[PDB]
Amino acid sequence: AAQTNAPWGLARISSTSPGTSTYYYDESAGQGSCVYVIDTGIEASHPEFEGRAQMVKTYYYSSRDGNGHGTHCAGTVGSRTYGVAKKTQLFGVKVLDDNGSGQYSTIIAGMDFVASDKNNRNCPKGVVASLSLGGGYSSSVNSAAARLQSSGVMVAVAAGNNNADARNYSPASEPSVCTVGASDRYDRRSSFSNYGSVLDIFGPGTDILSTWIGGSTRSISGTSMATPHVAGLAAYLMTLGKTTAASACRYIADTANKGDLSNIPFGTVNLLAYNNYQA
């Protein structure tokens with residue numbers, strides 16, 4: 001399938017070269033997979049989600065996304081126009097308040113929620129969790145992410161936006177999950193992207209168009225935007241049967257575009273997420 005005039009990041013993940021604008025992908029499109037977006041919520045009523053999004057849990061007075069961040073990330077995972085995996089099921093877990101903040105204890109509870117809640121959902125092709133959040137190093141936060149991964153969920157987490165080594169941030173620094181840095185449309189490391197040995201992969205993160213609250217759209221930047229590209233890619237590849245939740249991060253690294261990014265510090269992987277789809 002070909003989506004013309006796609007957001008640059010979608011075109012990038014199906015291309016061996018920057019500078020194109022059509023996204024190419026197998027029409028299975030993540031059907032039968034599920035992606036949990038653990039964030040500020042999801043505006044499930046947005047036409048772009050086509051009834052495939054729902055809120056499953058909140059720790060606050062509403063499950064609505066009063067911020068936009070979670071809706072934007074969910075749109076990159078799975079919206080019809082802005083999403084990588086256009087037929088996946090999206091499940092929102094609101095661990096962040098409408099200002100985008102959340103206590104680590106709530107975030108940990110949300111991760112353990114997903115590890116159990118997947119047993120209440122129909123996801124025959126597999127389960128992914130996208131975590132566009134983080135703070136300073138916490139062994140308890142890392143351990144929660146490790147448990148979620150161990151339970152059979154492909155966990156993708158943001159590297160962070162500090163232009164620093166991600167070893168000092170959580171859950172970015174957890175070795176067993178997929179830690180995602182950000183790149184721009186010219187294949188440069190995004191100016192804010194964290195780096196370091198703990199990163200597994202880069203995805204598009206600068207000037208990413210996606211859904212927003214109030215039935216709208218906007219372009220924003222962050223490792224928060226790169227993470228759902230990788231989460232959606234995992235769901236797409238799992239639906240294709242090419243990999244599993246336990247092996248998808250490694251498979252994405254195996255099949256990535258290699259050595260094409262600039263300003264990657266010595267010791268950080270130079271790997272850009274790529275679907276290897278041959279139309």
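Values reported hereafter were calculated over all heavy atoms of this structure, with side chains retained and with hydrogens, waters and symmetry mates removed. In this chain, numbering begins with 1 at the start of the sequence shown.
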Decide yes or no for [X] and [Y]: does some side-chain heavy atom of the first lie under 4.5 Å from some side-chain heavy atom of the second?
| X | Y | value |
| --- | --- | --- |
| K118 | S151 | yes |
| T22 | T4 | yes |
| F192 | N162 | no |
| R185 | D207 | yes |
| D117 | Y36 | yes |
| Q54 | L90 | no |
| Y186 | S262 | no |
| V77 | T88 | yes |

Verify whether one side chain among [X] and [Y] offers a donor that lies under 3.5 Å from an acceptor in the other.
| X | Y | answer |
| --- | --- | --- |
| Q31 | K86 | no |
| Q103 | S105 | no |
| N161 | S193 | no |
| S14 | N275 | no |
| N99 | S101 | no |
| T255 | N276 | no |
| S183 | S190 | no |

**Prompt:** Out of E48, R218, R80, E43, which residue meets the side-chain contact (heavy atoms from CB on, under 4.5 Å) rule with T211?
**Reply:** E48

**Prompt:** Looking at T106, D39, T40, which one forms a side-chain contact (heavy atoms from CB on, under 4.5 Å) with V95?
**Reply:** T106

**Request:** Inspect the contact between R64 and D98 and indicate whether a charged nitrogen and a carboxylate oxygen are less than 4.0 angstrom apart.
**Result:** no

**Asked** Between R250 and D254, is the closest basic N to carboxylate O distance under 4.0 Å?
**Response** no

If you round to the nearest 0.5 Å, how far is [atom2] of [Y] from [atom1] of [X]?
| X | Y | atom1 | atom2 | answer |
| --- | --- | --- | --- | --- |
| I13 | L233 | CD1 | CG | 5.5 Å |
| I107 | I38 | CD1 | CD1 | 9.5 Å |
| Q89 | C34 | CD | SG | 6.5 Å |
| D260 | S15 | CG | OG | 10.0 Å |
| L237 | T243 | CG | OG1 | 7.0 Å |
| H72 | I42 | NE2 | CD1 | 13.5 Å |

For [X] against [Y], the heavy-atom pair lying closest together:
| X | Y | result |
| --- | --- | --- |
| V35 | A235 | CG2-CB, 3.7 Å |
| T244 | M238 | C-CG, 4.1 Å |
| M55 | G92 | CE-O, 3.4 Å |
| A159 | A172 | O-CB, 3.5 Å |
| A145 | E174 | CB-CG, 4.4 Å |
| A273 | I201 | N-CD1, 3.7 Å |

Transitive ILVMFWY side-chain link [X] to [Y], under 4.5 Å:
| X | Y | answer |
| --- | --- | --- |
| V153 | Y236 | no |
| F49 | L10 | yes |
| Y60 | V37 | no |
| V269 | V230 | yes |
| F113 | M154 | no |

Donor-acceptor check, side chain of [X] to backbone of [Y], threshold 3.5 angstrom: yes or no?
| X | Y | value |
| --- | --- | --- |
| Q149 | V155 | yes |
| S79 | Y82 | yes |
| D200 | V180 | no |
| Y23 | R12 | no |
| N194 | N163 | yes |

**Asked** Run the side-chain contact (heavy atoms from CB on, under 4.5 Å) check on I264 and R189 step by step: do they pass?
**Response** CA-CA 6 Å; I264 301 294; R189 181 169 68 86; 4.1 Å; yes

**Request:** Assess whether side chain to side chain donor-acceptor pair (under 3.5 Å) is satisfied between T239 and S28, documenting all intermediate values.
**Result:** CA-CA 7 Å; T239 288; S28 60; 6.0 Å; no

**Item:** Fellow cluster residues of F266, listed by chain then number, with links counted only when side-chain atoms sit under 4.5 Å apart
**Value:** none

**Fill in**
Going by chain and number, the hydrophobic cluster around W212 (ILVMFWY, side chain to side chain under 4.5 Å) further includes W8, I208, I213, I220, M225

**Request:** Quick one: do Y25 and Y277 satisfy ring pair (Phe, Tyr, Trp, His ring centres under 6.0 Å)? Show the steps, please.
**Result:** CA-CA 6 Å; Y25 64 92; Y277 177 67; 7.3 Å; no

**Item:** Partner residues of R147 under the salt bridge (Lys or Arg N to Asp or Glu O under 4.0 Å) criterion, sequence neighbours left out
**Value:** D112

Going by atom type alone, with no hydrogens or angles, which donor-acceptor pairs under 3.5 Å involve a side-chain atom of residues 125-140 and a protein atom two or more places apart or on another chain?
from: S132; atom 1: OG; to: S224; atom 2: O; distance (Å): 2.7
from: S138; atom 1: OG; to: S140; atom 2: N; distance (Å): 3.3
from: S138; atom 1: OG; to: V141; atom 2: N; distance (Å): 3.0

**Message:** Would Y274 and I252 count as a side-chain contact (heavy atoms from CB on, under 4.5 Å) here? Give the steps.
**Reply:** CA-CA 7 Å; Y274 173 50; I252 287 166; over 6 Å; no

**Fill in**
Hits for ring pair (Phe, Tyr, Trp, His ring centres under 6.0 Å) against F202, two or more places apart or cross-chain, chain-then-number order -> none

**Message:** By the salt bridge (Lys or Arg N to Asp or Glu O under 4.0 Å) test, which pairs, at least two apart or in different chains, include something from residues 263-274?
**Reply:** none

**Request:** For atom NZ of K57, decide whether the heavy atoms of other residues, nucleotides or ligands shown that lie under 6.0 angstrom number more than 12.
**Result:** yes

**Request:** For atom CG of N120, decide whether the heavy atoms of other residues, nucleotides or ligands shown that lie under 6.0 angstrom number more than 12.
**Result:** yes

**Message:** side-chain contact (heavy atoms from CB on, under 4.5 Å), that's the test. Do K94 and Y59 meet it? Break it down for me.
**Reply:** CA-CA 6 Å; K94 181 171 174 62; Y59 298 89; over 6 Å; no

**Message:** Pair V93, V56 - check side-chain contact (heavy atoms from CB on, under 4.5 Å), show working.
**Reply:** CA-CA 6 Å; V93 178; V56 305; 3.9 Å; yes

